[PDB]
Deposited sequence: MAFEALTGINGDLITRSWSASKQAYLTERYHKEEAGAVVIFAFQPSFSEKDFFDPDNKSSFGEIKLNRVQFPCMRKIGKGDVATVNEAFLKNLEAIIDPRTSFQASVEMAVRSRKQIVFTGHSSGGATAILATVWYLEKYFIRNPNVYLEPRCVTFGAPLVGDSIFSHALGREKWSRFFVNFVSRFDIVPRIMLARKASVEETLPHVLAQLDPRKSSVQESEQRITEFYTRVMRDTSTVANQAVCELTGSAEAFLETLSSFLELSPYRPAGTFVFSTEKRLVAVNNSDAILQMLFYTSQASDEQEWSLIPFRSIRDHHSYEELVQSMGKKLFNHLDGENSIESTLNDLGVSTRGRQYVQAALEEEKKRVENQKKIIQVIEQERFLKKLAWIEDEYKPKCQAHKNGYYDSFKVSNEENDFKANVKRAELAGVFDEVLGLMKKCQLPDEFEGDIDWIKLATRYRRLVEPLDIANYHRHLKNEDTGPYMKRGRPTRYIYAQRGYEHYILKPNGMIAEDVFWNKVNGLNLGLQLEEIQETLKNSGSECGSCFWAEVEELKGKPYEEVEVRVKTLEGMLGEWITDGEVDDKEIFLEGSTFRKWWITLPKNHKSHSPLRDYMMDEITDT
């Protein structure tokens, strides 16, 4: 049941808890090998420097991930990288450091087809979360198979990443590997929802109180708890107002004035009471629950909550030992959540908002189903097929190519191709508009059929949109296409495909590009070549034509590096289907007509000379 949902059984849970207990005594991490399983548990810390990095000047101790070391932990189309607690990241980096045995041990267990588990209590649980991502980027994305799948099991961990971090876990379908146990009133999962400044004064004392080392105060506990829940209230109210799209103008004006914690639940959360075990997938539903499950129902319980909130950080022993006697269920899948939430202490109003977060996910799934139906229908795919199988053959038969035909001609097939370009722009701009406002499931940008579709669309129609831009002289209104003219739809398509083809090899598209340029052994220095190629069309084959339009009107020594760059990219573009060799070398092609006008010396030594005549 629990196992069915999480791919994790009670034995694994209990061993993870023992390892986590074990890691108090070790420094950094403790390794437990047992059967098919190797467990890496991480040592918690209880000093403020390990929650809010003293040199971090931001308000929530946050930092953006390194794009080269975590290339999936980002929005693909938009580009924005995920953000995480810098103290937790720094701890992971000290553990990863080659002067420890951690990397070797992980590599060995991978070499032995072991099931790897990362685990931890308190901030070690947070360290576990980051370690899992490290492992998923080092190993899994390179050779995904079932033996290589990790597990991450935390107990009362604080929050770690932001919404982009959670979303990227969802896109790669890595979220399934994460389980986070939370005892109802445990304060630590809530701490990082507060501004640093709100909890600065009292955090050292409360961390000391949470450290299982010599307890010897109610004011400090109660103040700290009050401040965490005040900030958490702001965060939860704003978040649920925002994700439902209510009161957008009000929220956007208020937002300027607020500092709200970026941290979000990542992975599945399992809430534990005396009678229930509740698993929840949705990040935002979990966030609401973090607020509403720790509320006081009357005065006595208010008197009690702060103290219980410190002590419940150490109820995970009784949690794991009572697992099998608790009633289990899965909130997201339940079709009446009232009883579950009542048992968790969630008021009628709290329930309205947990329900709102779940329901917003259901709307995202609905939007995605609508989009899938439109793009699988043949009235749709036949516009692409018409440009592929009628327009291009007819224009290349005319000996000018479909780019130039669209750019200058006025026949009925060019007008037809314009109409179809506009219609496809509609479909893909709608999808983009939905993604920009977080209206589609996290997985959508990673979906292979959508990537294939949008890549066909980009390769086929971006040339027509470049033709469109230049025919109506918008390049002379608002500048080169590659700077301000290029539609964001094509950028999203390019990034989705680049990530799809490059992530199994651990490569970055920008590095692939600059290494190719360096292999061209051009006659400039590094910084000059970097200046010359800024905002060039040679980073993407479907931008071929835009680059040509920027070069054709210029003297050859002004452009020699850019010309050689383009020619250097052409052969792989042709092999991969980014550029059609039936098109670009035609007698009427703008490119062909321009290239035969390049100095005899260049043409004689060009890798394209066997393609064109003077």
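Residues of the deposited sequence that lack C-alpha coordinates fall in the stretches 1, 218-220, 619-623.
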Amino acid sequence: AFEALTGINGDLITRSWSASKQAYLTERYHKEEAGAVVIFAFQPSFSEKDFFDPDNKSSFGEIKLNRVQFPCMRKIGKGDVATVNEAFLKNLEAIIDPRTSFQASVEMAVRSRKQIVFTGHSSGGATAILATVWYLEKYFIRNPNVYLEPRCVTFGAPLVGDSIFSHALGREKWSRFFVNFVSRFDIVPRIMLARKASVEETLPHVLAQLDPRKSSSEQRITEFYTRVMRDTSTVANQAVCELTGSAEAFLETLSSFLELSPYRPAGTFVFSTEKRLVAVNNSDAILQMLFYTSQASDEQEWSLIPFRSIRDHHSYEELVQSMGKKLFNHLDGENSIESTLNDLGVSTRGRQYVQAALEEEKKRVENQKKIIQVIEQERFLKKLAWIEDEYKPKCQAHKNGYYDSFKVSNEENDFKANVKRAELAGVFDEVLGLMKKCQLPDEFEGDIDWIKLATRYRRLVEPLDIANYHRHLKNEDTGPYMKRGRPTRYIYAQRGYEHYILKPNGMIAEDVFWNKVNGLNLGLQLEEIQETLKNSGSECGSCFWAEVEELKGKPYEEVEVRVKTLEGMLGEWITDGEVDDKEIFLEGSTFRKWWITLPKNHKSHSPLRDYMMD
From here on, numbers count along this sequence of modelled residues.
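Remark: stretch with higher mean C-alpha B factor among 65-73 and 579-587 is 579-587. Look at the mean CA B-factor for 282-290 and for 109-117 in the entry; the higher one is 109-117. Residue set 205, 471, 483, 489: peak C-alpha B-factor at 205 (per PDB entry). Highest C-alpha temperature factor among 447, 423, 149, 298, as the PDB entry reports it: 298. When the modelled residues of the chain are ordered by C-alpha B-factor, residue 210 sits in the highest third.
In the PDB entry, a CA B factor belonging to the middle third of its chain's modelled residues is recorded for residue 511. Per the PDB record, residue ranking by Cα B-factor puts residue 125 in the middle third of the chain. Annotation for residue 197: C-alpha temperature factor in the middle third relative to the rest of the modelled chain, per the entry. Annotation for residue 332: C-alpha temperature factor in the middle third relative to the rest of the modelled chain, per the entry.
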